[PDB]
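Taking the form deposited in one PDB entry, here's one chain by itself in structure tokens.
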């Protein structure tokens, strides 16, 4: 390798977005600033389209890359990337939830985002602390049944019930009213940061953020959900964080994304760093770590590939083995992978919203 080139597919907006582009640039600058220079070629996705993602992959492969990162928030498209990466034997580095299918693509990818099973287990751990009550689940879309499959199977067998409602409309109010009528305390919200905020804002207006109710959010952007006027002194609103605020680069990461936001986005208030930005940063380090390790025992070369040819990257299988041996301390905590390419030996901090922000009330361990 003359340069250590990888590609990143971004579905992030440039203005008032999650700062994934800057996070990639920060990782690159940090690694290079410390041989072959690291390059990250960035490709934009306008929407979640498998057909258009295929066109993007056909542009990427001829550039000679060692991995493809993302996208973080376009599940159909990410499944297409995994498929094509698998056929070409180029590693796919995932940084968002799979929503949520594929047995045959077992060795196409690794993912830095918590597995669906782990999120299900983490929510179930909280339900255990509640003495396993019946609950309601509010989903942005019906695919939540796939991502929370393990939780759903548990409720399908238990004595406790789970009432599921989909937003699929832009006002949760009527849905919350039905929950209130049911007189069930525990409400699980499965949605991204902005919809989660919308649901809680409307619950607040209906007086449903009082002490009677207990909310569990699945979004890993819980830390950047700022809930003033929504969160009451008596609220029980719990969620998760992957961030290791003790990682040496954490303050610099926060400040850099803050400055970028202040400069380009005057219409909204910077809430703090999005997890997908931190995952992108960590993904660059994971790829570089594995490639440099592989490069110690054998000769790596990159080659232009065509998406429609039968040709593969001869070194891809080996790189995937080295990726799955990586042990890395990142912004999102310890990064190690199991034989499915899922994060293992990591933690999720369990946070509760308070007046001033949030406080840590516990830790979930993947092991």
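Basically, rigid core = biggest C-alpha set you can superpose within 1.5 Å across the two forms. Positions refer to the first chain, counted from 1.
One more form of this protein should be noted, the form deposited in another entry, which is absent from this view; the next part is about it.
The one residue among 293, 232, 117, 252 whose Cα position changes by 2 Å or more between the shown form and the other one, with the core held fixed by superposition, is 232. Once the rigid core is used as the reference frame, the Cα position of residue 269 differs between the shown form and the other one by less than 2 Å.
With a cut-off of 2 Å and the rigid core superposed, residue 344 has a Cα displacement that falls short of the cut-off between the shown form and the other one. Core-aligned CA deviation for residue 52 between the shown form and the other one: 2 Å or greater.
In that other deposited form, the CA atoms of residue 15 and residue 40 move apart by 3 angstroms or more relative to this form. In comparison with the shown form, the Cα-Cα distance of residue 14 and residue 190 decreases by at least 3 angstroms in that other deposited form.
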